[PDB]
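Peer 1: I'd like to ask some things about the structure below.
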Amino acid sequence: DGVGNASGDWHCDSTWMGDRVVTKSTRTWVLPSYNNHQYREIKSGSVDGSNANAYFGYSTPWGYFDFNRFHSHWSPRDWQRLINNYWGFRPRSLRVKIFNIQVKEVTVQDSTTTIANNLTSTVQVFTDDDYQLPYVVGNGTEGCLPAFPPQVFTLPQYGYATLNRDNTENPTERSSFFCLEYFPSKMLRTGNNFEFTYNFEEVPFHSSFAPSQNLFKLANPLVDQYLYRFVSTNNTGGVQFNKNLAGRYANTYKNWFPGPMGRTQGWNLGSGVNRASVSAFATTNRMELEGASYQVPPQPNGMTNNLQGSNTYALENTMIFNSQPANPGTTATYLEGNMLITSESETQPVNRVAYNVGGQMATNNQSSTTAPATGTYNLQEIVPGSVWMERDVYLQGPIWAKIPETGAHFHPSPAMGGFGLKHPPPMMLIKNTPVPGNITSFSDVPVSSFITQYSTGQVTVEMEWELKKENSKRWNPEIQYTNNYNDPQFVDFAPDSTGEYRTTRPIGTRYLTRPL
Amino acid sequence: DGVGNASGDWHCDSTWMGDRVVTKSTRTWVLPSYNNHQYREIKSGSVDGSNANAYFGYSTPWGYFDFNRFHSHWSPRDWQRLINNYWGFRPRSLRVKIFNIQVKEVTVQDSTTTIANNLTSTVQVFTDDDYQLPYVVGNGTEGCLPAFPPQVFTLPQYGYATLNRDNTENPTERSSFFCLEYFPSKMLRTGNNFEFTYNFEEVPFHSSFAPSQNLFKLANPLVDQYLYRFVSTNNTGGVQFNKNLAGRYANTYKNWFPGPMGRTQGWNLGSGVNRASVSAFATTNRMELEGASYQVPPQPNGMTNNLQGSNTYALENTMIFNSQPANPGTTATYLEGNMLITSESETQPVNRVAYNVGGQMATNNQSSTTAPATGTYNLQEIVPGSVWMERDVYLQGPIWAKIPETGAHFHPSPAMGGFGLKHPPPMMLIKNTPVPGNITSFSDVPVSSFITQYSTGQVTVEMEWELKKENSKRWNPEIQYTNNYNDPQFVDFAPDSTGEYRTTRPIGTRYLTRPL
Amino acid sequence: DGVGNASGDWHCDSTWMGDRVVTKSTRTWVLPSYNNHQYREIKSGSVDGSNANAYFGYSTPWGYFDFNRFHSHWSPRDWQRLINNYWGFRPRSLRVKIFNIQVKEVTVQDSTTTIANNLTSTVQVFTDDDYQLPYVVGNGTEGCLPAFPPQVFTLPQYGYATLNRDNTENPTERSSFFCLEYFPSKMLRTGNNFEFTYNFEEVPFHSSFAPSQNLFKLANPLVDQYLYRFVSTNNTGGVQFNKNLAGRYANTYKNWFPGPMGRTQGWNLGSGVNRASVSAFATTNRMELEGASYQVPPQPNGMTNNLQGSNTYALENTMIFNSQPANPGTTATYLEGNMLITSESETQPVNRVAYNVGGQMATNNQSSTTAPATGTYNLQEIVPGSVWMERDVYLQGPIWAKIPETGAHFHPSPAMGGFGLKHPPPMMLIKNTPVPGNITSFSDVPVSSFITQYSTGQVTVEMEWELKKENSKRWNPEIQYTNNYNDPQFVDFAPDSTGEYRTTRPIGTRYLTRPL
């Protein structure tokens, strides 16, 4: 109500209630006045050698809230209690509240910055709940609610890239400009707040279980099939058959088949024997899209890398994360030790690997002059009767994504991971309202001389999750995530001497097992 | 409600109501923004020569309220009316209120500190009422509500020490990190307040009476016992007996026995004849605990020191206090005159002393070649039928303590003194919410450049105490605490020329007597 | 009702319902007619060199049901879901049913055993629910419901050892004989069953959490104590003091102390450097009890062995199990690899170790001719203010035990582990009723010529357990039990090529952590 009255409390709890959990999470944000309160037309040409990077777009003076990562809601213990006890989870509800807003005036006079504040400047927030803006949230960008609650993060500047012309920087006649002050906002002073609720649509549970049984080994090895296989041909042209025996799985008949595949290059981590002095951009997996050719990591769902205890990964197919956040616009060459290299190892009984071929088809029609030839294929798409296992979600990883507004789509699982929503959580845009300076005379040109200012405040996000409870009759103990460290020099998922929150390793979700 | 309206009054009264007393106490506090609003990993090795001092832990940017001393609630007169009229007291209720919060911005520009204030910055308070944090309150640390009401105290920085590995500074896999912004707080501006109530659980009354009768002298010295004692043996092997006479207490049969004991070293105060040039750390009483060996002062309840008018104390077994508060991290070598050396002299009819042996057992089996031998023991633990007298509480001393969350414990009286609570009064954590500076561009690294600020305000604590009234038929006058000073140069428990509140001597609670 | 009608179904399910779980478990048993249907007076002298082993007792023709092990109710997966999610469990109810009884006549004629059956022979069962018999169940003996449900176990023969005279085999006048046919039984034919219910009394939860914080390190390492310690003495006799600093835990004042202790010998497992050619029976920990001296493994609660990653254990203080069951009356010398050696490693922040001393007391009274001496003690019993951590329960370990019917006891936690019940689950005695042979004439001597026969059947036991749910705000992932094997040659807690259920390692219950 007033300036000397808090407009919201710090809620950062987490209440497990049966097959239901709410995870409140309050963080503190800073909004710099981006672009000095005006729109800019940003563009670029063929940088990094490729004309893929040429874009046309607009950068706004708006910041936005991007809590589309799992660590923004889950502590590493509450994540551990999730991934070791439940076979699924999905979001149900969402409740965001921006509160305790305070706006500061920085005045640089005589080499002395003076950060005062006014009780009069406003901050306008709106929520794009009709999806009329480019939804830039679910695309794996920075600027999120941090993993650690007393970290104060800055809000990322809202920009978007529209259509360009002929892979150049120049616009096209179909490229549109969206003014964000053409949306009804809510101008908030230092005693006002912004509540907002959201109910998720029915999405499937994230299948957070490892396969406890191979896909091609679903028959029992005791009784043998009543189906015969072609084995050979005699000295004449006549065919011969044998019974499909019990333990032999390389030749039984199968009901179900693995998912999609596209063969990627396999690179050795760890000890490693790799090719030396490699500039691997011209040999990676491209996917041309009306013009230029784009790298597409990670490749679509239905594959895996890192079989089991193998140092070979498919680095084109994995979700490499960093241990700490980095400076925006860095060119440092990181190594295997610095980065959190994701392994989808557990999904190998269902998914084919990415650094090998899937199988082989026929090449020629046989005759008594022509022996039958085969040939390995590097990519196989959807076949009727396929079954795959989607990409695992991680603590340091995205929660949802938006399906594009095209007419058609197939099986909307995001390739990076998470949930494919049709109407995702709306993008909370926020900016500082501009305050003019010392205008003494009238001029028809708009004001360019504003009071420089930022604004800070807190925000809370209350998620709600529906759990799929574990119902297994497995006898022996399962593998579960544990805090195993051979006398470390530091506690992990906890600060250090400086105060830097330190995450050493990624945390998956497939730890419990389940028979096919 | 608003900034120009006080959100709480100064209550510092004390209302004696029958067998019930409420002691309100308002103080004024200052909260420095510790660690510049971020967590730190603190650690240390084997300092002071001993690997006992090696710890691993975290220091928070939170301050806390620690009113766990008796002088924070009791004036020296209201304490005197307590200790001279009542045989017991225990806490019943508790009511804490933080009010009149105001937060100041210090700006050091051109060698000129300018302490302004904003009406917009918040302060978040929560109360750990589920005991999910390390309860660092009841362990005899500084930073309390002062003994004197117009003293303005600063809030102590909340830190805790978790498990370390192999007596080094390095962490272990079982050492946990608690983020305190993961608790639901209450962000308070300059017009808001924080009320909180608490009801104590049923604890025993503090037995605030001296024994008016010895424990081994509970028979009357007029009639003699109907029980005989072994006295000697004749020139043959035959045993002989005598009757237990009336006045003789060194050989009657006893029903009850003293409490626990561990023999400590006895050091002479006053005039004194002590060992010279002593480095007494290698000769003190250690108690090894999974690794290193810790000094444990004071040793557990059931002993005493300073018999009666003896300059010999057990300095390992007493509660030495200071006359005035000291600078944090001092290495001054204080003397007997500066310090308030506690004497548990009055509990000598029940408790054995600490600088002597308790008794003697048998050493050998006797025969007609072997005379019976004895041997003095230096420590005797709980025996069925024991009775002891717990440590006295003092005006300058702790009120409660928390029992640890292990499965088992025996007789939870804190060795330092006071009340052993299972669910103690919850620890009121409080910090300044961080205000960012002049962030002009987006970066994914968290904000490290905050506006430096502190916040002050008042706090009141209303205790409630249940009294055990004195019901004695003693004829002669009892000893009571009195203001006896042979024409002092200053009034005691009152300020001086500078304005320093001066306490010269400790004040016990056992002044009235009571027969066993 | 009839012989061609099953009198009970196979229930071996396990239903997790909130903070409550029922574990049904059906096994199949065989009852040999022990002693050929008559009582025997069994006795022994000082075998194995020690007169401790001399006993006097009686062996009955009764078998009994002994489901007092945790694997008899918990599959290794249902045990894993318990020990990784809950901070406690205790039994609430019990329901035993003996059903599908069938009794077989073996007839050895002309070197040809012919196992027929009659529909007429009975089997009598009763339940000792007034505790009038010696309760031989809770003492860690064989003959239990197996860990694996399709294992068919035989019922152990009920015997007991009464008082003997002067450590010989001869009886005493106070040694009593209990006839078990003097109890009202229930004679069951092949169409009858025996239902029985039992409600447990309120026992404490098993504290199934590791300490996440040391006992002597409960102060925070940031603020320092308001209590001073004796440090040394100057060149004169005068004492000197220092403040207890913050990080230093070897010299702060403590509120709580570890539990009981008796120093045992420490033997190195693993790589190991041990004494060679050892006959360690004359150097172990004995406890003399009215006559002879008994080994007492494991020593009472409040200690530990195996600090952390140390090959040294206290083999006198641990619960060594076997991988497979063994033949009754074996003398094989097993090794470290064959046996399941229990480690109580996680209870080291609270419990002192068993292969070291606990601390040191004072030895002499100091003076200026006598320096202060100390001395390490090997055993310390209950001290007021103690806190310990009881022995962990295991999957291959006992559930309950009976407190003896003496007048007094202290803290009835069984030293082997589990629950100390005053009225334990009653001992289900069962025997074959005797069937006489071909008696053709009258004689006053009783019949010694019976039809040799055994009887088999199924039994189910339905336990009910109350769970103490995990409520922690820990951030980082906890250590949990997992199925970790570096490509084993066999699945563990599962059969092998022969069909032998193979357990390789013991499973504890303290996996989650909890602050003190």
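Going by the structure tokens order, chains are called A, B, ..., each with residues numbered from 1, while ligands are numbered from 1 in the order shown.
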Write out as a tab-separated table the residues of region 283-402 of chain B that have any atom within 7 Å of an atom of region 483-505 of chain B, one row each with the nearest atom pair and its distance in Å to one decimal, counting only C-alpha atoms, sorted by chain and then rising number.
Peer 2:
residue	atom	partner	partner_atom	distance
B:323	CA	B:503	CA	5.5
B:324	CA	B:502	CA	6.9
B:340	CA	B:505	CA	5.7
Peer 1: Dump as a PyMOL selection string the residues of chain C that approach chain A to within 7 Å, counting only C-alpha atoms.
Peer 2: chain C and resi 75-78+80+474-484+492-493
Peer 1: Just write the chosen residues, N, CA, C and O atoms, as a PDB file, in the first residue's frame.
Peer 2:
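Below is the file result00.pdb, written as the result:
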ATOM      1  N   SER C  75      11.695 -57.766   0.904  1.00  0.00           N
ATOM      2  CA  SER C  75      12.503 -58.015  -0.271  1.00  0.00           C
ATOM      3  C   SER C  75      13.610 -56.965  -0.346  1.00  0.00           C
ATOM      4  O   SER C  75      13.486 -55.888   0.238  1.00  0.00           O
ATOM      5  N   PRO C  76      14.726 -57.261  -1.042  1.00  0.00           N
ATOM      6  CA  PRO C  76      15.830 -56.290  -1.107  1.00  0.00           C
ATOM      7  C   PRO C  76      15.515 -54.984  -1.820  1.00  0.00           C
ATOM      8  O   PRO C  76      16.239 -54.001  -1.652  1.00  0.00           O
ATOM      9  N   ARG C  77      14.459 -54.957  -2.623  1.00  0.00           N
ATOM     10  CA  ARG C  77      13.953 -53.720  -3.204  1.00  0.00           C
ATOM     11  C   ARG C  77      13.046 -52.959  -2.256  1.00  0.00           C
ATOM     12  O   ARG C  77      13.181 -51.742  -2.129  1.00  0.00           O
ATOM     13  N   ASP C  78      12.133 -53.653  -1.573  1.00  0.00           N
ATOM     14  CA  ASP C  78      11.284 -53.010  -0.580  1.00  0.00           C
ATOM     15  C   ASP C  78      12.074 -52.537   0.619  1.00  0.00           C
ATOM     16  O   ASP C  78      11.666 -51.583   1.285  1.00  0.00           O
ATOM     17  N   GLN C  80      15.232 -51.396   0.164  1.00  0.00           N
ATOM     18  CA  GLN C  80      15.877 -50.218  -0.402  1.00  0.00           C
ATOM     19  C   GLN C  80      14.954 -49.009  -0.433  1.00  0.00           C
ATOM     20  O   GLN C  80      15.408 -47.892  -0.175  1.00  0.00           O
ATOM     21  N   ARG C 474      17.800 -30.179   3.317  1.00  0.00           N
ATOM     22  CA  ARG C 474      19.129 -30.347   2.746  1.00  0.00           C
ATOM     23  C   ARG C 474      19.105 -30.074   1.246  1.00  0.00           C
ATOM     24  O   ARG C 474      18.164 -30.473   0.557  1.00  0.00           O
ATOM     25  N   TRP C 475      20.125 -29.390   0.730  1.00  0.00           N
ATOM     26  CA  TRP C 475      20.143 -28.963  -0.665  1.00  0.00           C
ATOM     27  C   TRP C 475      20.780 -30.002  -1.580  1.00  0.00           C
ATOM     28  O   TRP C 475      20.184 -30.389  -2.586  1.00  0.00           O
ATOM     29  N   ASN C 476      21.983 -30.459  -1.253  1.00  0.00           N
ATOM     30  CA  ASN C 476      22.746 -31.350  -2.118  1.00  0.00           C
ATOM     31  C   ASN C 476      22.200 -32.777  -2.044  1.00  0.00           C
ATOM     32  O   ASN C 476      21.466 -33.091  -1.101  1.00  0.00           O
ATOM     33  N   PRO C 477      22.488 -33.651  -3.017  1.00  0.00           N
ATOM     34  CA  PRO C 477      21.954 -35.022  -2.961  1.00  0.00           C
ATOM     35  C   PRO C 477      22.560 -35.838  -1.828  1.00  0.00           C
ATOM     36  O   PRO C 477      23.744 -35.709  -1.514  1.00  0.00           O
ATOM     37  N   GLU C 478      21.736 -36.691  -1.226  1.00  0.00           N
ATOM     38  CA  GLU C 478      22.182 -37.565  -0.153  1.00  0.00           C
ATOM     39  C   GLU C 478      22.781 -38.847  -0.712  1.00  0.00           C
ATOM     40  O   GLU C 478      22.582 -39.201  -1.873  1.00  0.00           O
ATOM     41  N   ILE C 479      23.529 -39.552   0.134  1.00  0.00           N
ATOM     42  CA  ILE C 479      24.003 -40.871  -0.262  1.00  0.00           C
ATOM     43  C   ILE C 479      22.859 -41.841  -0.030  1.00  0.00           C
ATOM     44  O   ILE C 479      22.143 -41.758   0.972  1.00  0.00           O
ATOM     45  N   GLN C 480      22.654 -42.740  -0.980  1.00  0.00           N
ATOM     46  CA  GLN C 480      21.580 -43.712  -0.899  1.00  0.00           C
ATOM     47  C   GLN C 480      22.115 -45.047  -1.367  1.00  0.00           C
ATOM     48  O   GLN C 480      23.124 -45.105  -2.071  1.00  0.00           O
ATOM     49  N   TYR C 481      21.444 -46.115  -0.951  1.00  0.00           N
ATOM     50  CA  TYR C 481      21.848 -47.447  -1.361  1.00  0.00           C
ATOM     51  C   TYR C 481      21.544 -47.648  -2.834  1.00  0.00           C
ATOM     52  O   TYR C 481      20.457 -47.316  -3.312  1.00  0.00           O
ATOM     53  N   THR C 482      22.513 -48.197  -3.555  1.00  0.00           N
ATOM     54  CA  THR C 482      22.367 -48.378  -4.986  1.00  0.00           C
ATOM     55  C   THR C 482      22.919 -49.740  -5.368  1.00  0.00           C
ATOM     56  O   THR C 482      23.667 -50.354  -4.606  1.00  0.00           O
ATOM     57  N   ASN C 483      22.533 -50.205  -6.544  1.00  0.00           N
ATOM     58  CA  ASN C 483      22.925 -51.513  -7.063  1.00  0.00           C
ATOM     59  C   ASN C 483      24.252 -51.470  -7.816  1.00  0.00           C
ATOM     60  O   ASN C 483      24.336 -51.955  -8.943  1.00  0.00           O
ATOM     61  N   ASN C 484      25.302 -50.913  -7.218  1.00  0.00           N
ATOM     62  CA  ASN C 484      26.546 -50.637  -7.934  1.00  0.00           C
ATOM     63  C   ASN C 484      27.442 -51.874  -7.982  1.00  0.00           C
ATOM     64  O   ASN C 484      27.895 -52.374  -6.949  1.00  0.00           O
ATOM     65  N   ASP C 492      23.072 -59.820  -7.872  1.00  0.00           N
ATOM     66  CA  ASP C 492      23.107 -59.958  -6.427  1.00  0.00           C
ATOM     67  C   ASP C 492      21.690 -59.875  -5.885  1.00  0.00           C
ATOM     68  O   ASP C 492      20.834 -59.221  -6.486  1.00  0.00           O
ATOM     69  N   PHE C 493      21.467 -60.525  -4.734  1.00  0.00           N
ATOM     70  CA  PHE C 493      20.150 -60.693  -4.108  1.00  0.00           C
ATOM     71  C   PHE C 493      19.168 -61.341  -5.082  1.00  0.00           C
ATOM     72  O   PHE C 493      18.029 -60.905  -5.240  1.00  0.00           O
TER      73      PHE C 493
END
Peer 1: Mind checking which residues fall within 9 Å of residue 458 (chain B), counting only C-alpha atoms, ignoring those fewer than 4 positions away in the same chain, and posting them as an mmCIF file with N, CA, C and O atoms, in the first residue's frame?
Peer 2:
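For reference, around-v2.cif as written:
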data_model
loop_
_atom_site.group_PDB
_atom_site.id
_atom_site.type_symbol
_atom_site.label_atom_id
_atom_site.label_comp_id
_atom_site.auth_asym_id
_atom_site.auth_seq_id
_atom_site.Cartn_x
_atom_site.Cartn_y
_atom_site.Cartn_z
ATOM 1 N N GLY B 8 5.380 0.214 16.942
ATOM 2 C CA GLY B 8 5.654 -0.487 18.177
ATOM 3 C C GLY B 8 6.190 0.415 19.264
ATOM 4 O O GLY B 8 6.900 1.381 18.984
ATOM 5 N N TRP B 10 7.978 1.058 23.313
ATOM 6 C CA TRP B 10 9.073 0.581 24.153
ATOM 7 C C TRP B 10 8.463 -0.043 25.397
ATOM 8 O O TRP B 10 7.957 0.646 26.281
ATOM 9 N N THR B 26 12.890 -4.440 25.957
ATOM 10 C CA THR B 26 13.115 -3.881 24.637
ATOM 11 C C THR B 26 14.557 -3.399 24.505
ATOM 12 O O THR B 26 15.083 -2.697 25.369
ATOM 13 N N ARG B 27 15.205 -3.811 23.417
ATOM 14 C CA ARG B 27 16.543 -3.343 23.080
ATOM 15 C C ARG B 27 16.544 -2.809 21.658
ATOM 16 O O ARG B 27 15.592 -3.008 20.904
ATOM 17 N N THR B 28 17.632 -2.132 21.305
ATOM 18 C CA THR B 28 17.824 -1.560 19.979
ATOM 19 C C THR B 28 19.008 -2.234 19.301
ATOM 20 O O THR B 28 20.088 -2.340 19.887
ATOM 21 N N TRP B 29 18.808 -2.687 18.065
ATOM 22 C CA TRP B 29 19.796 -3.502 17.375
ATOM 23 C C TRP B 29 20.259 -2.836 16.089
ATOM 24 O O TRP B 29 19.610 -1.938 15.556
ATOM 25 N N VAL B 30 21.422 -3.285 15.612
ATOM 26 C CA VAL B 30 22.027 -2.869 14.353
ATOM 27 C C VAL B 30 22.416 -4.125 13.586
ATOM 28 O O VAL B 30 23.057 -5.025 14.132
ATOM 29 N N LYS B 97 9.015 -9.447 19.320
ATOM 30 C CA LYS B 97 8.530 -8.521 18.305
ATOM 31 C C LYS B 97 9.629 -7.591 17.806
ATOM 32 O O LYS B 97 10.185 -6.819 18.587
ATOM 33 N N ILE B 98 9.943 -7.653 16.515
ATOM 34 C CA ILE B 98 10.896 -6.761 15.863
ATOM 35 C C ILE B 98 10.102 -5.615 15.256
ATOM 36 O O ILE B 98 9.189 -5.850 14.461
ATOM 37 N N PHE B 99 10.436 -4.380 15.619
ATOM 38 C CA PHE B 99 9.635 -3.236 15.199
ATOM 39 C C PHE B 99 10.535 -2.017 15.008
ATOM 40 O O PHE B 99 11.721 -2.041 15.348
ATOM 41 N N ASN B 100 9.932 -0.947 14.478
ATOM 42 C CA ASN B 100 10.574 0.299 14.060
ATOM 43 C C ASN B 100 11.823 0.081 13.219
ATOM 44 O O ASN B 100 12.891 0.609 13.535
ATOM 45 N N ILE B 101 11.692 -0.666 12.164
ATOM 46 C CA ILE B 101 12.802 -0.985 11.279
ATOM 47 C C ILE B 101 13.106 0.223 10.413
ATOM 48 O O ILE B 101 12.207 0.869 9.875
#
Peer 1: For residue 68 (chain C), list every protein, DNA or RNA residue within 10 Å, evaluated using only C-alpha atoms, and leave out those in the same chain fewer than 3 positions away; present the list as a list in words.
Peer 2: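 Once the nearby chain positions are removed, what remains is residues 65, 71, 72, 73, 137, 138, 139, 140, 141, 142, 143, 144, 145, 397, 398, 399, 400, 401, 418 and 425 of chain C.
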Peer 1: Here is a test: counting only C-alpha atoms, which residue of A:268, A:180, A:38, A:297 is nearest to residue 449 (chain A)?
Peer 2: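 Among the listed residues, the smallest separation from residue 449 (chain A) belongs to A:38.
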Peer 1: Would you mind listing, for every residue of region 20-132 of chain B within 12 Å of region 248-265 of chain C, the two atoms forming the shortest contact and the distance between them in Å to one decimal, using only C-alpha atoms, sorted by chain and ascending residue number, as JSON lines?
Peer 2:
{"residue": "B:43", "atom": "CA", "partner": "C:248", "partner_atom": "CA", "distance": 10.5}
{"residue": "B:44", "atom": "CA", "partner": "C:248", "partner_atom": "CA", "distance": 8.5}
{"residue": "B:45", "atom": "CA", "partner": "C:248", "partner_atom": "CA", "distance": 9.1}
{"residue": "B:46", "atom": "CA", "partner": "C:248", "partner_atom": "CA", "distance": 8.4}
{"residue": "B:47", "atom": "CA", "partner": "C:248", "partner_atom": "CA", "distance": 7.4}
{"residue": "B:48", "atom": "CA", "partner": "C:248", "partner_atom": "CA", "distance": 8.2}
{"residue": "B:49", "atom": "CA", "partner": "C:250", "partner_atom": "CA", "distance": 10.1}
{"residue": "B:50", "atom": "CA", "partner": "C:250", "partner_atom": "CA", "distance": 6.9}
{"residue": "B:51", "atom": "CA", "partner": "C:250", "partner_atom": "CA", "distance": 7.2}
{"residue": "B:52", "atom": "CA", "partner": "C:250", "partner_atom": "CA", "distance": 3.7}
{"residue": "B:53", "atom": "CA", "partner": "C:248", "partner_atom": "CA", "distance": 3.4}
{"residue": "B:54", "atom": "CA", "partner": "C:248", "partner_atom": "CA", "distance": 6.4}
{"residue": "B:55", "atom": "CA", "partner": "C:248", "partner_atom": "CA", "distance": 7.4}
{"residue": "B:56", "atom": "CA", "partner": "C:248", "partner_atom": "CA", "distance": 10.8}
Peer 1: Could you write out the selected residues, including N, CA, C and O atoms, as a PDB file, in the first residue's frame?
Peer 2:
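As written to disk, result.pdb reads:
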ATOM      1  N   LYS B  43      36.459 -22.320   6.848  1.00  0.00           N
ATOM      2  CA  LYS B  43      37.147 -23.536   7.261  1.00  0.00           C
ATOM      3  C   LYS B  43      38.388 -23.116   8.031  1.00  0.00           C
ATOM      4  O   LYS B  43      38.805 -21.956   7.986  1.00  0.00           O
ATOM      5  N   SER B  44      38.982 -24.077   8.729  1.00  0.00           N
ATOM      6  CA  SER B  44      40.225 -23.852   9.449  1.00  0.00           C
ATOM      7  C   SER B  44      40.883 -25.194   9.698  1.00  0.00           C
ATOM      8  O   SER B  44      40.213 -26.227   9.727  1.00  0.00           O
ATOM      9  N   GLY B  45      42.201 -25.166   9.877  1.00  0.00           N
ATOM     10  CA  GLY B  45      42.965 -26.342  10.207  1.00  0.00           C
ATOM     11  C   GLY B  45      43.255 -26.444  11.692  1.00  0.00           C
ATOM     12  O   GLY B  45      42.539 -25.910  12.540  1.00  0.00           O
ATOM     13  N   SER B  46      44.345 -27.138  11.997  1.00  0.00           N
ATOM     14  CA  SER B  46      44.744 -27.359  13.380  1.00  0.00           C
ATOM     15  C   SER B  46      45.408 -26.129  13.989  1.00  0.00           C
ATOM     16  O   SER B  46      46.616 -26.137  14.241  1.00  0.00           O
ATOM     17  N   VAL B  47      44.638 -25.068  14.230  1.00  0.00           N
ATOM     18  CA  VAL B  47      45.167 -23.889  14.902  1.00  0.00           C
ATOM     19  C   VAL B  47      45.235 -24.154  16.399  1.00  0.00           C
ATOM     20  O   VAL B  47      44.611 -25.090  16.912  1.00  0.00           O
ATOM     21  N   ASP B  48      46.018 -23.326  17.096  1.00  0.00           N
ATOM     22  CA  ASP B  48      46.401 -23.462  18.502  1.00  0.00           C
ATOM     23  C   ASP B  48      47.051 -24.805  18.818  1.00  0.00           C
ATOM     24  O   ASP B  48      46.955 -25.277  19.956  1.00  0.00           O
ATOM     25  N   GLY B  49      47.712 -25.436  17.846  1.00  0.00           N
ATOM     26  CA  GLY B  49      48.395 -26.693  18.050  1.00  0.00           C
ATOM     27  C   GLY B  49      47.532 -27.933  17.997  1.00  0.00           C
ATOM     28  O   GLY B  49      48.053 -29.019  17.715  1.00  0.00           O
ATOM     29  N   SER B  50      46.232 -27.818  18.246  1.00  0.00           N
ATOM     30  CA  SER B  50      45.356 -28.977  18.380  1.00  0.00           C
ATOM     31  C   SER B  50      44.508 -29.121  17.124  1.00  0.00           C
ATOM     32  O   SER B  50      44.015 -28.127  16.583  1.00  0.00           O
ATOM     33  N   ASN B  51      44.311 -30.363  16.673  1.00  0.00           N
ATOM     34  CA  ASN B  51      43.456 -30.632  15.522  1.00  0.00           C
ATOM     35  C   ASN B  51      41.983 -30.666  15.897  1.00  0.00           C
ATOM     36  O   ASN B  51      41.126 -30.939  15.053  1.00  0.00           O
ATOM     37  N   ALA B  52      41.690 -30.416  17.167  1.00  0.00           N
ATOM     38  CA  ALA B  52      40.332 -30.204  17.629  1.00  0.00           C
ATOM     39  C   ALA B  52      39.681 -28.988  16.991  1.00  0.00           C
ATOM     40  O   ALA B  52      38.471 -29.001  16.754  1.00  0.00           O
ATOM     41  N   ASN B  53      40.462 -27.949  16.699  1.00  0.00           N
ATOM     42  CA  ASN B  53      39.933 -26.686  16.213  1.00  0.00           C
ATOM     43  C   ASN B  53      39.664 -26.682  14.718  1.00  0.00           C
ATOM     44  O   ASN B  53      39.162 -25.677  14.205  1.00  0.00           O
ATOM     45  N   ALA B  54      39.993 -27.753  14.006  1.00  0.00           N
ATOM     46  CA  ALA B  54      39.716 -27.804  12.580  1.00  0.00           C
ATOM     47  C   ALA B  54      38.227 -28.005  12.343  1.00  0.00           C
ATOM     48  O   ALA B  54      37.620 -28.922  12.900  1.00  0.00           O
ATOM     49  N   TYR B  55      37.636 -27.145  11.523  1.00  0.00           N
ATOM     50  CA  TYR B  55      36.214 -27.240  11.238  1.00  0.00           C
ATOM     51  C   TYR B  55      35.975 -26.944   9.769  1.00  0.00           C
ATOM     52  O   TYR B  55      36.832 -26.406   9.066  1.00  0.00           O
ATOM     53  N   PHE B  56      34.781 -27.307   9.316  1.00  0.00           N
ATOM     54  CA  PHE B  56      34.296 -26.944   7.990  1.00  0.00           C
ATOM     55  C   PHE B  56      32.907 -26.368   8.181  1.00  0.00           C
ATOM     56  O   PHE B  56      32.068 -26.996   8.828  1.00  0.00           O
TER      57      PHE B  56
END
Peer 1: I'd like the neighbourhood of residue 389 (chain B) as a ChimeraX atom specification, where a residue qualifies if any of its atoms comes within 12 Å (using only C-alpha atoms), though same-chain residues fewer than 2 positions away should be ignored.
Peer 2: /B:206-211,215,257-260,300-304,344-352,386-387,391-393,413,415,417,510,516 /C:384
Peer 1: Between CA of residue 437 (chain A) and CA of residue 452 (chain A), what is the distance in Å, rounded to a tenth?
Peer 2: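 Taking CA of residue 437 (chain A) as the start and CA of residue 452 (chain A) as the end point, the length is 9.2 Å.
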